[PDB]
Amino acid sequence: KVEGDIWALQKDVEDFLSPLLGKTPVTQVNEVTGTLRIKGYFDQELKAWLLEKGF
Amino acid sequence: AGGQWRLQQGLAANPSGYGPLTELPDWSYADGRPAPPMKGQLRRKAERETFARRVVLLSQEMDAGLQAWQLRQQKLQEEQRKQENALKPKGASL
Amino acid sequence: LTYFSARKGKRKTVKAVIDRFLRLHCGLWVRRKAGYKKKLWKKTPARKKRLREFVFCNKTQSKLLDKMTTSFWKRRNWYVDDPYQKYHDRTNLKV
Amino acid sequence: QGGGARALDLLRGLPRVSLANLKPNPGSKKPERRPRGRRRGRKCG
Amino acid sequence: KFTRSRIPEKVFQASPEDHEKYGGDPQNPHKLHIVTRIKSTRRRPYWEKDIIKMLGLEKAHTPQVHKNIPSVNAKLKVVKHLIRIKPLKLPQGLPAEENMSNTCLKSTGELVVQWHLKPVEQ
Amino acid sequence: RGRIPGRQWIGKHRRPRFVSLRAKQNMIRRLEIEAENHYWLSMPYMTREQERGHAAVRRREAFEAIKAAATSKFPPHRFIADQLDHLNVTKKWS
RNA sequence: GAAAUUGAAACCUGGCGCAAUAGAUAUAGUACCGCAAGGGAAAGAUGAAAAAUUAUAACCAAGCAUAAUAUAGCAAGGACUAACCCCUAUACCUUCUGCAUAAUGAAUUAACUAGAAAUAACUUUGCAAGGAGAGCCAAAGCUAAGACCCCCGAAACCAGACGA
RNA sequence: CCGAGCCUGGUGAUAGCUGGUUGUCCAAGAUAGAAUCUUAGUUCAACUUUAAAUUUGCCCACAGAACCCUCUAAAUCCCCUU
RNA sequence: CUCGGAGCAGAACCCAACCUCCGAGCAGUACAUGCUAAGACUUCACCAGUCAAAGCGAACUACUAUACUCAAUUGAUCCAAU
Ligand SMILES: [K+]
Ligand SMILES: [K+]
Ligand SMILES: [K+]
Ligand SMILES: [K+]
Ligand SMILES: [K+]
Ligand SMILES: [K+]
Ligand SMILES: [K+]
Ligand SMILES: [K+]
Ligand SMILES: [K+]
Ligand SMILES: [Mg+2]
Ligand SMILES: [Mg+2]
Ligand SMILES: [Mg+2]
Ligand SMILES: [Mg+2]
Ligand SMILES: [Mg+2]
Ligand SMILES: [Mg+2]
Ligand SMILES: [Mg+2]
Ligand SMILES: [Mg+2]
Ligand SMILES: [Mg+2]
Ligand SMILES: [Mg+2]
Ligand SMILES: [Mg+2]
Ligand SMILES: [Mg+2]
Ligand SMILES: [Mg+2]
Ligand SMILES: [Mg+2]
Ligand SMILES: [Mg+2]
Ligand SMILES: [Mg+2]
Ligand SMILES: [Mg+2]
Ligand SMILES: [Mg+2]
Ligand SMILES: [Mg+2]
Ligand SMILES: [Mg+2]
Ligand SMILES: [Mg+2]
Ligand SMILES: [Mg+2]
Ligand SMILES: [Mg+2]
Ligand SMILES: [Mg+2]
Ligand SMILES: [Mg+2]
Ligand SMILES: [Mg+2]
Ligand SMILES: [Mg+2]
Ligand SMILES: [Mg+2]
Ligand SMILES: [Mg+2]
Ligand SMILES: [Mg+2]
Ligand SMILES: [Mg+2]
């Protein structure tokens with residue numbers, strides 16, 4: 001359910017998850033469906049991260 | 001024919017190998033402007049460069065490894081000297 | 001195995017598997033050792049204890065029994081005071 | 001906001017959507033294999 | 001039964017006569033090898049096929065440089081009958097960054113850092 | 001009238017095979033090459049103790065690249081433009 | 001392989017059916033075959049007008065004819081001024097450890113003649129601790145779609161008829 | 001055309017057996033055994049294929065792996081480095 | 001026709017022949033050969049088989065006492081008896 005510039009979301013996600021993983025995460029951007037797919041389990045980290053952002 | 005003779009002269013056994021007959025450009029523009037390099041020569045130039053860099057990389061690793069081993073031997077010798085010092089002996093010898 | 005029944009057109013369950021094996025919802029199958037009630041007088045207590053154990057099945061046997069049973073036996077059950085309730089889910093499993 | 005506005009105004013300059021230019025999403029229609037040809041014929045797997 | 005072959009260490013002990021024949025200097029051993037495969041790996045046991053791949057000798061008559069160290073030499077001793085081993089010579093020393101693109105490996109085992117494709121004026 | 005029983009090159013009775021002059025020379029030529037290989041394997045540049053660990057850093061980094069490429073597999077990105085460009089199949093002149 | 005229980009829709013005149021080896025066997029259960037029960041075909045093609053019949057041109061399989069043949073060889077290839085002469089080359093399918101094999105099938109042409117589907121899993125959408133247009137599944141699941149499973153052949157067995 | 005008629009039906013009987021199995025192109029690909037009225041077949045391993053996860057795999061330095069016994073075998077296992 | 005030892009198969013494992021040899025289908029002593037539980041082995045799959053620290057409960061301060069001696073010394077499911 002991502003609207004607008006999904007590529008902006010990917011850079012923010014990569015910046016946020018880089019310290020935790022120690023490397024750039026492997027992500028897939030689906031412009032058609034507005035879906036960002038990330039390798040690994042980061043649901044709890046991203047839910048709090050998106051909640052802080054105001055979403 | 002003549003492969004062994006070419007080796008004795010320091011040349012490639014196959015005349016199509018390294019040399020002016022192969023590596024030089026086959027043609028140039030009539031006004032004198034040089035032609036673009038042949039695709040075969042570009043492949044050989046890149047392949048030779050990788051071989052040259054591999055020679056340097058192997059040489060530097062062995063040089064670095066020899067220094068590291070020599071550094072360890074020097075360090076091992078120094079450690080023996082320090083342990084010699086201790087408290088002055090006493091008893092019968094005093 | 002009956003892949004398409006003659007009256008309903010549905011896959012049937014081999015009831016021999018049900019009477020012998022228990023499928024944990026995690027995908028594992030639990031069975032009893034063969035001959036654990038046979039000739040106990042000639043078997044050492046160390047051997048007899050191993051026969052009384054409830055062991056798991058390997059990937060091939062577990063996959064075989066999945067094909068021989070319908071989706072009814074793979075559903076999640078909430079039996080009251082189920083002895084095997086704690087074994088229906090995996091913990092700290094990697095890969 | 002390059003996801004919503006950009007995906008629509010780009011559609012303005014494209015030909016009208018009709019029944020003659022509809023395709024399934026890639027990867028959603030796996031090709032059908034038939035026992036024809038040298039590869040999948042003969043003993044047919 | 002056909003098994004792997006244990007080569008005695010006496011085979012790899014150079015006599016003074018050998019040094020004069022091949023010109024090598026035991027006190028200054030060559031740093032690098034020039035290994036070229038001149039024999040096919042077919043009709044040879046699989047362990048010889050694997051070692052050829054490890055040494056990067058898949059294509060015959062393609063020179064490959066390897067370090068003259070006991071571990072590398074151990075692999076060479078297994079497939080010594082399939083390869084030609086020559087010492088790498090550096091008449092002008094190791095190539096530098098300036099002359100990396102002007103190097104050539106001659107048939108004599110010498111790596112020349114300058115390659116002008118011109119006859120000598122001498 | 002002179003026939004080999006069974007197949008020629010297999011069995012208890014075989015067709016005799018003889019070594020020609022050039023057959024010997026070819027074997028001797030390859031024997032000389034291997035003899036020179038024995039000489040060049042008799043002079044290692046470093047001992048086993050000196051060699052140890054001199055290339056561990058590069059070998060470890062080489063395998064980390066293999067691990068990185070192995071764990072980087074993922075479906076490629078999907079773009080709206082690629083899906084929308086399929087409408088051009090019915091583009092016509094006005 | 002149930003049952004209790006549950007409980008919906010229902011406007012004939014349509015076709016991502018066949019088009020003369022197809023679609024019924026069918027132009028017909030006729031011709032023909034059998035004592036009988038029974039088995040069971042093949043095919044037609046002008047045009048607005050035949051009360052326009054010197055009409056409706058032509059080109060297309062195998063088979064021939066126009067037009068037999070010239071050293072030598074899986075009949076071809078490389079070629080060549082030149083068809084051949086020169087050089088190179090042990091048909092195909094099946095079956096096998098292995099087939100030019102003197103193992104199998106095939107005169108040839110046209111038409112017909114042989115991969116059907118669950119269980120999960122994967123891939124791509126939807127929605128999401130929910131999914132699904134009552135049922136079912138669910139400790140990221142669930143719903144929907146795509147995608148995998150041939151042809152011919154016995155000697156027999158049984159039931160009911162028809163035959164001295 | 002009788003070691004037991006013929007016709008129809010069950011019937012598209014069944015066949016671990018034989019034969020056949022239709023467009024183009026590319027890629028990976030030859031594999032210890034065990035059980036079986038089983039060795040003309042199957043199932044499980046092994047091998048092979050695809051997708052996926054993440055981490056060592058192969059080649060191998062010392063050190064190390066038995067007495068009894070006639071061949072005091074070629075070698076193997078283990079194994080950092082590379 | 002199943003099981004075990006030895007040679008073939010000399011040194012980790014494995015390895016066939018209607019190959020060369022010898023055996024097994026028990027016996028004896030206990031009556032904690034009670035219970036339970038880390039980590040392992042495994043007859044090339046599976047089934048089956050094998051070894052086990054700690055702990056509970058015993059034994060025990062004499063008892064090479066703590067999963068008997070022994071090489072094989074054996075038979076799945078269904079079913080039947082209780
Ligand atoms: K095929
Ligand atoms: K193939
Ligand atoms: K012979
Ligand atoms: K055939
Ligand atoms: K046959
Ligand atoms: K023959
Ligand atoms: K034959
Ligand atoms: K025949
Ligand atoms: K069979
Ligand atoms: Mg064919
Ligand atoms: Mg003969
Ligand atoms: Mg008809
Ligand atoms: Mg009619
Ligand atoms: Mg014709
Ligand atoms: Mg000829
Ligand atoms: Mg010929
Ligand atoms: Mg045969
Ligand atoms: Mg042949
Ligand atoms: Mg003939
Ligand atoms: Mg034939
Ligand atoms: Mg035959
Ligand atoms: Mg015919
Ligand atoms: Mg199917
Ligand atoms: Mg399917
Ligand atoms: Mg037939
Ligand atoms: Mg009967
Ligand atoms: Mg009857
Ligand atoms: Mg009469
Ligand atoms: Mg009769
Ligand atoms: Mg059949
Ligand atoms: Mg049969
Ligand atoms: Mg291939
Ligand atoms: Mg039996
Ligand atoms: Mg078999
Ligand atoms: Mg190994
Ligand atoms: Mg290692
Ligand atoms: Mg032995
Ligand atoms: Mg082995
Ligand atoms: Mg095992
Ligand atoms: Mg204890």
# chains A, B, ... in the order shown; residues from 1 in each chain; ligands from 1

$ residues_around --residues "residue E:62" --least-positions-apart "3" --cutoff "10 Å" --atoms "only C-alpha atoms (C1' of nucleotides)" --output "PyMOL selection string"
chain E and resi 34-38+56-59

$ closest_atom_pairs --of "chain H" --to "chain C" --cutoff "12 Å" --atoms "only C-alpha atoms (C1' of nucleotides)" --output "tab-separated table"
residue	atom	partner	partner_atom	distance
H:43	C1'	C:60	CA	11.5
H:44	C1'	C:60	CA	8.7
H:45	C1'	C:60	CA	10.8
H:52	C1'	C:95	CA	10.6
H:53	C1'	C:95	CA	6.7
H:54	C1'	C:95	CA	8.9

$ write_last_selection --atoms "C-alpha atoms (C1' of nucleotides)" --output "PDB file, in the first residue's frame"
ATOM      1  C1'   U H  43      10.224 -48.756  -3.918  1.00  0.00           C
ATOM      2  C1'   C H  44      14.030 -46.457  -0.978  1.00  0.00           C
ATOM      3  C1'   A H  45      19.087 -44.777  -1.318  1.00  0.00           C
ATOM      4  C1'   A H  52      16.054 -21.278  -2.971  1.00  0.00           C
ATOM      5  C1'   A H  53      18.848 -20.400   1.652  1.00  0.00           C
ATOM      6  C1'   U H  54      24.012 -19.378   3.602  1.00  0.00           C
TER       7        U H  54
END

$ closest_atom_pairs --of "chain G" --to "ligand 24" --cutoff "9 Å" --atoms "only C-alpha atoms (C1' of nucleotides) and all ligand atoms" --output "Markdown table"
| residue | atom | partner | partner_atom_place_in_ligand_line | distance |
| --- | --- | --- | --- | --- |
| G:117 | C1' | ligand 24 | 1 (Mg) | 6.5 |
| G:118 | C1' | ligand 24 | 1 (Mg) | 7.8 |
| G:147 | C1' | ligand 24 | 1 (Mg) | 6.3 |
| G:148 | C1' | ligand 24 | 1 (Mg) | 6.0 |
| G:149 | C1' | ligand 24 | 1 (Mg) | 8.9 |

$ write_last_selection --atoms "N, CA, C and O atoms (P, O5', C5', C4', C3', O3' and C1' of nucleotides)" --output "PDB file, in the first residue's frame"
ATOM      1  P     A G 117      -6.187 -32.853 -17.775  1.00  0.00           P
ATOM      2  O5'   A G 117      -6.104 -33.020 -16.195  1.00  0.00           O
ATOM      3  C5'   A G 117      -7.284 -33.066 -15.402  1.00  0.00           C
ATOM      4  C4'   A G 117      -6.993 -33.494 -13.984  1.00  0.00           C
ATOM      5  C3'   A G 117      -5.822 -32.783 -13.310  1.00  0.00           C
ATOM      6  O3'   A G 117      -6.092 -32.646 -11.916  1.00  0.00           O
ATOM      7  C1'   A G 117      -5.401 -35.106 -13.379  1.00  0.00           C
ATOM      8  P     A G 118      -6.849 -31.344 -11.357  1.00  0.00           P
ATOM      9  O5'   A G 118      -7.274 -31.759  -9.881  1.00  0.00           O
ATOM     10  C5'   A G 118      -6.376 -31.590  -8.795  1.00  0.00           C
ATOM     11  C4'   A G 118      -6.246 -32.850  -7.980  1.00  0.00           C
ATOM     12  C3'   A G 118      -5.345 -32.751  -6.760  1.00  0.00           C
ATOM     13  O3'   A G 118      -6.002 -32.177  -5.643  1.00  0.00           O
ATOM     14  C1'   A G 118      -4.783 -34.685  -7.987  1.00  0.00           C
ATOM     15  P     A G 147      -1.909 -23.790 -18.270  1.00  0.00           P
ATOM     16  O5'   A G 147      -0.624 -24.602 -17.797  1.00  0.00           O
ATOM     17  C5'   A G 147       0.664 -24.303 -18.313  1.00  0.00           C
ATOM     18  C4'   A G 147       1.742 -24.795 -17.383  1.00  0.00           C
ATOM     19  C3'   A G 147       1.677 -26.275 -17.038  1.00  0.00           C
ATOM     20  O3'   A G 147       2.310 -27.090 -18.009  1.00  0.00           O
ATOM     21  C1'   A G 147       1.871 -25.018 -15.051  1.00  0.00           C
ATOM     22  P     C G 148       1.511 -28.296 -18.708  1.00  0.00           P
ATOM     23  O5'   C G 148       2.285 -29.597 -18.218  1.00  0.00           O
ATOM     24  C5'   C G 148       2.742 -29.697 -16.881  1.00  0.00           C
ATOM     25  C4'   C G 148       3.128 -31.107 -16.521  1.00  0.00           C
ATOM     26  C3'   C G 148       2.079 -32.170 -16.802  1.00  0.00           C
ATOM     27  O3'   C G 148       2.106 -32.617 -18.145  1.00  0.00           O
ATOM     28  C1'   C G 148       2.909 -32.428 -14.597  1.00  0.00           C
ATOM     29  P     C G 149       0.753 -33.078 -18.877  1.00  0.00           P
ATOM     30  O5'   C G 149       0.976 -34.632 -19.135  1.00  0.00           O
ATOM     31  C5'   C G 149      -0.017 -35.579 -18.776  1.00  0.00           C
ATOM     32  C4'   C G 149       0.593 -36.786 -18.113  1.00  0.00           C
ATOM     33  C3'   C G 149      -0.350 -37.946 -17.854  1.00  0.00           C
ATOM     34  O3'   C G 149      -0.524 -38.754 -19.002  1.00  0.00           O
ATOM     35  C1'   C G 149       0.931 -37.513 -15.913  1.00  0.00           C
TER      36        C G 149
END

$ atom_distance --atom1 "atom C1' of residue I:32" --atom2 "atom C1' of residue I:58"
6.1 Å

$ interface_residues --of "chain H" --to "chain D" --cutoff "12 Å" --atoms "only C-alpha atoms (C1' of nucleotides)" --output "PDB file with N, CA and C atoms (P, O5', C5', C4', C3', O3' and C1' of nucleotides), in the first residue's frame"
ATOM      1  P     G H  20       9.406 -49.090 -33.050  1.00  0.00           P
ATOM      2  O5'   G H  20       8.291 -47.958 -33.102  1.00  0.00           O
ATOM      3  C5'   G H  20       7.555 -47.731 -34.291  1.00  0.00           C
ATOM      4  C4'   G H  20       6.279 -46.978 -34.020  1.00  0.00           C
ATOM      5  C3'   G H  20       6.424 -45.583 -33.443  1.00  0.00           C
ATOM      6  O3'   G H  20       6.759 -44.609 -34.414  1.00  0.00           O
ATOM      7  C1'   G H  20       4.764 -46.749 -32.252  1.00  0.00           C
ATOM      8  P     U H  21       7.710 -43.377 -34.020  1.00  0.00           P
ATOM      9  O5'   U H  21       6.849 -42.547 -32.969  1.00  0.00           O
ATOM     10  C5'   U H  21       5.652 -41.893 -33.358  1.00  0.00           C
ATOM     11  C4'   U H  21       4.953 -41.278 -32.174  1.00  0.00           C
ATOM     12  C3'   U H  21       5.762 -40.265 -31.381  1.00  0.00           C
ATOM     13  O3'   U H  21       5.775 -38.980 -31.973  1.00  0.00           O
ATOM     14  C1'   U H  21       4.751 -41.789 -29.895  1.00  0.00           C
ATOM     15  P     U H  22       7.107 -38.087 -31.910  1.00  0.00           P
ATOM     16  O5'   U H  22       6.894 -36.996 -33.049  1.00  0.00           O
ATOM     17  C5'   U H  22       6.879 -37.367 -34.422  1.00  0.00           C
ATOM     18  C4'   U H  22       6.102 -36.378 -35.257  1.00  0.00           C
ATOM     19  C3'   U H  22       6.258 -34.912 -34.854  1.00  0.00           C
ATOM     20  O3'   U H  22       6.216 -34.091 -36.018  1.00  0.00           O
ATOM     21  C1'   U H  22       3.982 -35.534 -34.718  1.00  0.00           C
ATOM     22  P     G H  23       7.563 -33.431 -36.591  1.00  0.00           P
ATOM     23  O5'   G H  23       7.978 -32.371 -35.479  1.00  0.00           O
ATOM     24  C5'   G H  23       7.063 -31.379 -35.039  1.00  0.00           C
ATOM     25  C4'   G H  23       7.448 -30.010 -35.535  1.00  0.00           C
ATOM     26  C3'   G H  23       8.810 -29.497 -35.094  1.00  0.00           C
ATOM     27  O3'   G H  23       9.874 -29.997 -35.882  1.00  0.00           O
ATOM     28  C1'   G H  23       7.192 -27.823 -34.733  1.00  0.00           C
ATOM     29  P     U H  24      11.342 -30.163 -35.252  1.00  0.00           P
ATOM     30  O5'   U H  24      11.869 -28.669 -35.099  1.00  0.00           O
ATOM     31  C5'   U H  24      12.124 -27.866 -36.241  1.00  0.00           C
ATOM     32  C4'   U H  24      12.607 -26.491 -35.853  1.00  0.00           C
ATOM     33  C3'   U H  24      13.802 -26.444 -34.917  1.00  0.00           C
ATOM     34  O3'   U H  24      15.039 -26.649 -35.574  1.00  0.00           O
ATOM     35  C1'   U H  24      12.150 -24.953 -34.145  1.00  0.00           C
ATOM     36  P     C H  25      16.244 -27.380 -34.806  1.00  0.00           P
ATOM     37  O5'   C H  25      16.706 -26.316 -33.716  1.00  0.00           O
ATOM     38  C5'   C H  25      17.287 -25.082 -34.110  1.00  0.00           C
ATOM     39  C4'   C H  25      17.505 -24.166 -32.933  1.00  0.00           C
ATOM     40  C3'   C H  25      18.321 -24.730 -31.783  1.00  0.00           C
ATOM     41  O3'   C H  25      19.715 -24.725 -32.024  1.00  0.00           O
ATOM     42  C1'   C H  25      16.404 -23.677 -30.924  1.00  0.00           C
ATOM     43  P     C H  26      20.635 -25.882 -31.398  1.00  0.00           P
ATOM     44  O5'   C H  26      20.906 -25.392 -29.909  1.00  0.00           O
ATOM     45  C5'   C H  26      21.530 -24.142 -29.662  1.00  0.00           C
ATOM     46  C4'   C H  26      21.359 -23.703 -28.231  1.00  0.00           C
ATOM     47  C3'   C H  26      21.883 -24.649 -27.166  1.00  0.00           C
ATOM     48  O3'   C H  26      23.286 -24.579 -26.990  1.00  0.00           O
ATOM     49  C1'   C H  26      19.733 -23.904 -26.557  1.00  0.00           C
ATOM     50  P     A H  27      24.092 -25.852 -26.437  1.00  0.00           P
ATOM     51  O5'   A H  27      23.770 -25.865 -24.877  1.00  0.00           O
ATOM     52  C5'   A H  27      24.108 -24.760 -24.052  1.00  0.00           C
ATOM     53  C4'   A H  27      23.406 -24.832 -22.720  1.00  0.00           C
ATOM     54  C3'   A H  27      23.704 -26.059 -21.876  1.00  0.00           C
ATOM     55  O3'   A H  27      24.920 -25.951 -21.156  1.00  0.00           O
ATOM     56  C1'   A H  27      21.374 -25.712 -21.948  1.00  0.00           C
TER      57        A H  27
END

$ interface_residues --of "chain B" --to "chain F" --cutoff "7 Å" --atoms "only C-alpha atoms" --output "PyMOL selection string"
chain B and resi 61-62+65-66+69

$ select_by_dssp --residues "stretch 10-71 of chain B" --states "alpha helix (DSSP H)" --output "PyMOL selection string"
chain B and resi 20-23+39-71

$ residues_near_ligand --ligand "ligand 3" --cutoff "8 Å" --atoms "only C-alpha atoms (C1' of nucleotides) and all ligand atoms" --output "ChimeraX atom specification"
/F:4-15

$ write_last_selection --atoms "C-alpha atoms" --output "PDB file, in the first residue's frame"
ATOM      1  CA  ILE F   4      43.818 -62.226 -36.659  1.00  0.00           C
ATOM      2  CA  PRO F   5      41.403 -64.401 -34.634  1.00  0.00           C
ATOM      3  CA  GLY F   6      38.631 -62.313 -33.142  1.00  0.00           C
ATOM      4  CA  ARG F   7      39.168 -58.580 -32.940  1.00  0.00           C
ATOM      5  CA  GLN F   8      42.596 -57.233 -33.840  1.00  0.00           C
ATOM      6  CA  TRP F   9      43.651 -55.124 -30.855  1.00  0.00           C
ATOM      7  CA  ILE F  10      41.961 -57.053 -28.024  1.00  0.00           C
ATOM      8  CA  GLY F  11      42.100 -60.626 -26.784  1.00  0.00           C
ATOM      9  CA  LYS F  12      44.629 -63.352 -26.114  1.00  0.00           C
ATOM     10  CA  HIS F  13      45.808 -63.279 -29.746  1.00  0.00           C
ATOM     11  CA  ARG F  14      46.357 -59.749 -31.048  1.00  0.00           C
ATOM     12  CA  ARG F  15      47.751 -58.173 -34.180  1.00  0.00           C
TER      13      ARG F  15
END

$ interface_residues --of "chain E" --to "chain B" --cutoff "12 Å" --atoms "only C-alpha atoms" --output "PDB file with C-alpha atoms, in the first residue's frame"
ATOM      1  CA  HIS E  30      63.141 -18.096  -9.572  1.00  0.00           C
ATOM      2  CA  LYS E  31      60.207 -16.383  -7.892  1.00  0.00           C
ATOM      3  CA  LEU E  32      57.444 -17.428 -10.308  1.00  0.00           C
ATOM      4  CA  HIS E  33      56.651 -20.301 -12.663  1.00  0.00           C
ATOM      5  CA  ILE E  34      55.402 -20.223 -16.244  1.00  0.00           C
ATOM      6  CA  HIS E  61      49.212 -23.721 -24.996  1.00  0.00           C
ATOM      7  CA  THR E  62      48.060 -20.789 -22.839  1.00  0.00           C
ATOM      8  CA  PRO E  63      50.815 -19.614 -20.460  1.00  0.00           C
ATOM      9  CA  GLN E  64      49.878 -19.269 -16.796  1.00  0.00           C
ATOM     10  CA  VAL E  65      52.024 -17.816 -14.009  1.00  0.00           C
ATOM     11  CA  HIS E  66      52.172 -19.492 -10.595  1.00  0.00           C
ATOM     12  CA  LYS E  67      54.246 -18.816  -7.498  1.00  0.00           C
ATOM     13  CA  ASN E  68      57.278 -21.010  -6.801  1.00  0.00           C
ATOM     14  CA  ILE E  69      56.126 -22.193  -3.380  1.00  0.00           C
ATOM     15  CA  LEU E  88      59.652 -16.328 -15.393  1.00  0.00           C
ATOM     16  CA  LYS E  89      62.423 -13.888 -16.312  1.00  0.00           C
ATOM     17  CA  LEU E  90      62.335 -10.126 -15.711  1.00  0.00           C
ATOM     18  CA  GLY E  93      62.125  -5.940 -13.544  1.00  0.00           C
ATOM     19  CA  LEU E  94      58.486  -6.023 -12.556  1.00  0.00           C
ATOM     20  CA  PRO E  95      56.048  -4.015 -14.704  1.00  0.00           C
ATOM     21  CA  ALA E  96      55.116  -0.617 -13.305  1.00  0.00           C
ATOM     22  CA  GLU E  97      51.851   1.298 -13.527  1.00  0.00           C
ATOM     23  CA  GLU E  98      53.236   3.372 -16.407  1.00  0.00           C
ATOM     24  CA  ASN E  99      54.136   0.354 -18.574  1.00  0.00           C
ATOM     25  CA  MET E 100      51.360  -2.079 -17.620  1.00  0.00           C
ATOM     26  CA  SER E 101      49.831  -1.869 -21.108  1.00  0.00           C
ATOM     27  CA  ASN E 102      53.170  -2.325 -22.929  1.00  0.00           C
ATOM     28  CA  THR E 103      54.086  -5.799 -21.645  1.00  0.00           C
ATOM     29  CA  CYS E 104      54.630  -8.981 -23.643  1.00  0.00           C
ATOM     30  CA  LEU E 105      55.649 -12.526 -22.700  1.00  0.00           C
ATOM     31  CA  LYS E 106      58.209 -13.840 -25.178  1.00  0.00           C
ATOM     32  CA  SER E 107      58.747 -17.499 -26.045  1.00  0.00           C
ATOM     33  CA  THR E 108      61.995 -17.425 -24.025  1.00  0.00           C
ATOM     34  CA  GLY E 109      60.103 -16.904 -20.759  1.00  0.00           C
ATOM     35  CA  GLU E 110      61.096 -13.232 -20.529  1.00  0.00           C
ATOM     36  CA  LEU E 111      58.437 -10.624 -19.742  1.00  0.00           C
ATOM     37  CA  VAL E 112      59.472  -7.407 -21.490  1.00  0.00           C
ATOM     38  CA  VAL E 113      57.968  -4.182 -20.145  1.00  0.00           C
ATOM     39  CA  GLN E 114      58.422  -2.362 -23.476  1.00  0.00           C
ATOM     40  CA  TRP E 115      56.977  -3.635 -26.771  1.00  0.00           C
ATOM     41  CA  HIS E 116      57.443  -1.166 -29.634  1.00  0.00           C
ATOM     42  CA  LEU E 117      56.949  -3.583 -32.577  1.00  0.00           C
ATOM     43  CA  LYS E 118      59.991  -2.040 -34.264  1.00  0.00           C
ATOM     44  CA  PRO E 119      63.325  -3.484 -35.406  1.00  0.00           C
TER      45      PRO E 119
END

$ residues_near_ligand --ligand "ligand 7" --cutoff "6 Å" --atoms "only C-alpha atoms (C1' of nucleotides) and all ligand atoms" --output "list in words"
residues 99, 101 and 103 of chain G

$ write_last_selection --atoms "N, CA, C and O atoms (P, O5', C5', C4', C3', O3' and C1' of nucleotides)" --output "PDB file, in the first residue's frame"
ATOM      1  P     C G  99      25.626 -49.149 -31.932  1.00  0.00           P
ATOM      2  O5'   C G  99      25.437 -50.348 -32.962  1.00  0.00           O
ATOM      3  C5'   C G  99      26.505 -50.748 -33.814  1.00  0.00           C
ATOM      4  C4'   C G  99      26.024 -51.161 -35.184  1.00  0.00           C
ATOM      5  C3'   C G  99      25.044 -50.203 -35.864  1.00  0.00           C
ATOM      6  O3'   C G  99      25.326 -50.157 -37.261  1.00  0.00           O
ATOM      7  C1'   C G  99      24.085 -52.356 -35.725  1.00  0.00           C
ATOM      8  P     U G 101      22.113 -50.423 -40.372  1.00  0.00           P
ATOM      9  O5'   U G 101      22.779 -51.599 -39.534  1.00  0.00           O
ATOM     10  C5'   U G 101      22.254 -52.919 -39.592  1.00  0.00           C
ATOM     11  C4'   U G 101      22.950 -53.749 -40.640  1.00  0.00           C
ATOM     12  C3'   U G 101      22.737 -55.255 -40.519  1.00  0.00           C
ATOM     13  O3'   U G 101      22.781 -55.836 -41.822  1.00  0.00           O
ATOM     14  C1'   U G 101      25.032 -54.773 -40.310  1.00  0.00           C
ATOM     15  P     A G 103      22.141 -59.812 -39.047  1.00  0.00           P
ATOM     16  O5'   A G 103      20.641 -60.293 -38.824  1.00  0.00           O
ATOM     17  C5'   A G 103      19.544 -59.447 -39.135  1.00  0.00           C
ATOM     18  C4'   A G 103      18.667 -59.230 -37.928  1.00  0.00           C
ATOM     19  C3'   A G 103      17.390 -58.438 -38.163  1.00  0.00           C
ATOM     20  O3'   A G 103      16.340 -59.239 -38.675  1.00  0.00           O
ATOM     21  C1'   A G 103      18.504 -57.593 -36.258  1.00  0.00           C
TER      22        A G 103
END

$ residues_near_ligand --ligand "ligand 40" --cutoff "8 Å" --atoms "only C-alpha atoms (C1' of nucleotides) and all ligand atoms" --output "PyMOL selection string"
chain I and resi 53-55+66

$ write_last_selection --atoms "C-alpha atoms (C1' of nucleotides)" --output "PDB file, in the first residue's frame"
ATOM      1  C1'   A I  53      27.930 -39.378  30.617  1.00  0.00           C
ATOM      2  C1'   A I  54      24.758 -36.937  34.005  1.00  0.00           C
ATOM      3  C1'   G I  55      20.240 -37.586  37.043  1.00  0.00           C
ATOM      4  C1'   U I  66      27.096 -49.095  37.959  1.00  0.00           C
TER       5        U I  66
END
